[PDB]
């Protein structure tokens, strides 16, 4: 029952200790409180009545913003995003290119506006300051952890960019982990528009900040000594839309290619598998069979561990967007396999992160531009940082499955 989840949390923490750069340098106050906060945050908003109300209230607010933003895409694509599409094409009336991708553009503009007004910096300063006074983590890495709750792995460190070039290896590693353990507000609204429960997305986003610091300081403890704009609001929104546009185009092209490549791989795996008596062999079978123990470890029932492994594995070997795209049909009435409500939550939390190998190249470019003489350190800690981000997503999923 609940004993299997507590063992899951132990195993995840155990792997991080085994992969630590210095186990004897691990600060118990830091990693103790970091786990305590992520666990309590999960308890607060998933179990305790008052916390569940604050979570649904924030989620409904996010759901209202998305609909407001949908007026913009409704103007551009007219009846191609109306209800008539379902009357004509049925299930195929939901055009992803026009339904989900424009949301990335709107939310990028909105966040850019909330930065200009000082609203974002105000919230980050409070959350980031609460983390450092309770974990003993440095000023810059704590703000980046808080910033990552709302924005991407490359946009988050911008709040502390003059401190990035001279921050310690442990600090840089935590900044990398904070980004890999989290997503961004734009894609969050995208996944929400695909049927993923907003309550799970917001919850996983907030639990990412302490969870990112947790496995960052476990696998890479501090062994050194740390230290310590658009002309108007309309230009801010315009720049945000432009950034969101570029992101929308890149994500869309990636989904065409990656899903397309998977179909090719399944075609080849059908012929190759046939040589060994398994003509029905596909990529989903391999990933499911290989990630089932991991899925079972974090609280997924034995008879649903294989299916849950397909989604978790796909997120790791590719990215979470491709995973969410294959998992989204399982959140409707036309789902090929009816999953338990707890299993749906676990998959949602475990997927909610940028933790993949391809995000290292993005970290080399974005975070590397902020500190060109540190690109060597970024490339070196890349794989370890992905693992740390992965463990954070898995821990948040285990915690979520526990209180559910």
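Numbering follows the first chain given and starts at 1.
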Between residue 228 and residue 229, how many residues of the deposited sequence have no coordinates in this entry: none, 1 to 3, 4 to 9, or 10 or more? 10 or more
Read off the CA B-factors in the entry, average them over 104 to 112 and over 121 to 129, and name the higher stretch. 121 to 129
Mean temperature factor over C-alpha atoms, higher-scoring stretch between 359 to 367 and 46 to 54: 46 to 54
Sort 250, 182, 303, 170 by C-alpha B-factor from the entry and give me just the highest. 303
Have a look at 175, 281, 255, 202 and flag the one whose Cα has the highest B-factor in the entry. 281
Could you look up the Cα B-factor of residue 215 in the entry and say which third of the chain it sits in: lowest, middle or highest? middle
Lowest, middle or highest third: which one holds residue 343 when the chain's residues are ordered by CA B-factor from the entry? highest
Based on the deposited C-alpha B factors for this chain, I'd like to know if residue 72 is in the lowest, middle or highest third. highest
Here the Cα B-factor of residue 289, set against its chain, lands in the third termed highest
Among the modelled residues of this chain, does the Cα B factor of residue 86 put it in the lowest, middle or highest third? highest
